[PDB]
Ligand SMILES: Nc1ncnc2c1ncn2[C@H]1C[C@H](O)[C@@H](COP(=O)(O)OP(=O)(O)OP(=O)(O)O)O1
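Before any questions on how it binds or moves, here is one chain, the form solved without 2'-deoxyadenosine 5'-triphosphate (DTP), in structure tokens.
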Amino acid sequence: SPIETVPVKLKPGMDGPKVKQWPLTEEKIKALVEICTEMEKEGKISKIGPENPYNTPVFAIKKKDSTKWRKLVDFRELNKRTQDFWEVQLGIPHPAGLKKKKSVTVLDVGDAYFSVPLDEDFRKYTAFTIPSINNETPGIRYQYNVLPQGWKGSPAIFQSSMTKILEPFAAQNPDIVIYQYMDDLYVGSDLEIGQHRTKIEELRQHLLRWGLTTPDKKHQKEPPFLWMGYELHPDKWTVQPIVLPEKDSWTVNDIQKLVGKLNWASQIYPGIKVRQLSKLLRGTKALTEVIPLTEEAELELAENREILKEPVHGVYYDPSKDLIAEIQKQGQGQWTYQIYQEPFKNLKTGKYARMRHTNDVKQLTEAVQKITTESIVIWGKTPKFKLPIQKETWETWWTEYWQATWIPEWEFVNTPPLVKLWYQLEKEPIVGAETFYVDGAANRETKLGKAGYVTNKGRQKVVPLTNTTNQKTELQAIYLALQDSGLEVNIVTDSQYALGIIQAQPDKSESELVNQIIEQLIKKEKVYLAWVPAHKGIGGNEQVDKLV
């Protein structure tokens, strides 16, 4: 095509490729020249002399066992050497962010990369050769004049070329939207279908004048569109159908493939869970090892199958309407969210889960950040939030938390499970409360240890412990003091570890000890924890470290 070429350079301080054209079978050497000259005759290549010393391998195969063959070029050794290009779109557009249009047309251009010229000076570095059967004669020298199949530059040069070709037509048609993706165009408009079908044909002729072919209306896809694992319908979208295999044994590869399809489905199926199913691949290993199906992972797989039984869809985006996101807790540090404009019609859904032991509010805040980032990417704005948490509950937490946290527009929704703080240490030591001076220790080697206390009122305990850390006992020390004390109790510890974990106000944890410790803190009225430098003579701590 008369498109103007993008100048390409070889990576600085490099030179073209030169490769051993390892001879190939003759029944192949046949179709290679048959297919080639049809390409030389369409101008997409040109036989060359010896002046150019670079070469590249060529191979031959069949269209999944079909009439015609196909030509192949391992450009790997050239790609190493060609400059970098601007990267092509990372992601793809999410159907939740498309606007309803009265028509949509899918034009896919055939022969994309070959329809587009290759920068002249850079053409030499594409040479190749067909094997003179047993060196009977010289080799058929060739070289490209279009964007070769699978080359570093091709996808980027094509996209900018196409983007430029569209600029004359988009200017004289400010009422019809075109999106690009690789080799396709997706044209939408709010033109009475009679007009729409006429513009598609103008666009087609336009594109054809620039040397880019495109499907007659007798060959144009129709709704629904099965696009990139999606179902784009005229007025709704959903994921293509999900299939979860029935097996009695699961390989760590088959567990990857399954938790895949489950994440995928979670963008619009509300309630999918993957906590237990991904707990398995925890112990990472080679994709082939057979992993036992746990009991909890099995109930999930059953609830997911339950959620997937019937279909559900999402609506499309309407900029005139507000954007709403709603969050619910699912327990295991698993959360679920819906984003909608209308209550019976979600734009989309999804799930957040913390991984390695925080608390309910901090987790909420993190989920609001997942959602906010996602919104911006998809709709370019941030939603309003309905959150299961009392304003008073939340003001209290950020007013005291050590990080800064942002609270965008939100309103409370009284839908259990509300999110609340389960206990708050006192700011100052309690009066009329016993005062425990816990401490603890273990043996790095034997893994034997003990935990105890000594209260002001002369009361003392010491327990023994096997299979514990210098830290698992320091938390056991505090659990002792809470078990053996009133509803108001002051505790004094020399372990910054323990003090930190508690001042963190967790409400659940992966350590089983910590859950019982949380239990006591709720069963208590006023608890003040306090820290003193470990074993430095203070008084109180000086005497309890001596027991343990």
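Heads up: residue numbers just count along the shown sequence, starting at 1.
Absent from the display: the form solved in complex with 2'-deoxyadenosine 5'-triphosphate (DTP). The rest refers to it.
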Placed ligand check: 2'-deoxyadenosine 5'-triphosphate (DTP) in the bound PDB entry, overlay by site C-alphas, backbone/C-beta within 2.4 Å: open
Heavy atom within 4.5 Å of 2'-deoxyadenosine 5'-triphosphate (DTP) in the bound PDB entry - the one residue of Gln334, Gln149, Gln143, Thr82 that qualifies: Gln149
With 2'-deoxyadenosine 5'-triphosphate (DTP) left out of view, which of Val274, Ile291, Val109, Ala433 would have a heavy atom within 4.5 Å of it in the bound PDB entry? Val109
According to a 4.5 angstroms non-hydrogen atom cut-off, is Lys218 in contact with 2'-deoxyadenosine 5'-triphosphate (DTP) in the bound PDB entry? yes
Quick check on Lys523: any heavy atom within 4.5 Å of 2'-deoxyadenosine 5'-triphosphate (DTP) in the bound PDB entry? no
Classify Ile61 as contacting or not contacting 2'-deoxyadenosine 5'-triphosphate (DTP) in the bound PDB entry by the rule of any non-hydrogen atom within 4.5 angstroms, answering yes or no. yes
Is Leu287 a contact residue for 2'-deoxyadenosine 5'-triphosphate (DTP) in the bound PDB entry, using a 4.5 Å heavy atom cut-off? no
Are all three residues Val8, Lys41 and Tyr125 in contact with 2'-deoxyadenosine 5'-triphosphate (DTP) in the bound PDB entry, where contact means a non-hydrogen atom within 4.5 Å? no
Within 61 to 91, which residues have a heavy atom closer than or equal to 4.5 Å from 2'-deoxyadenosine 5'-triphosphate (DTP) in the bound PDB entry? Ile61, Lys63, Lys68, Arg70, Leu72
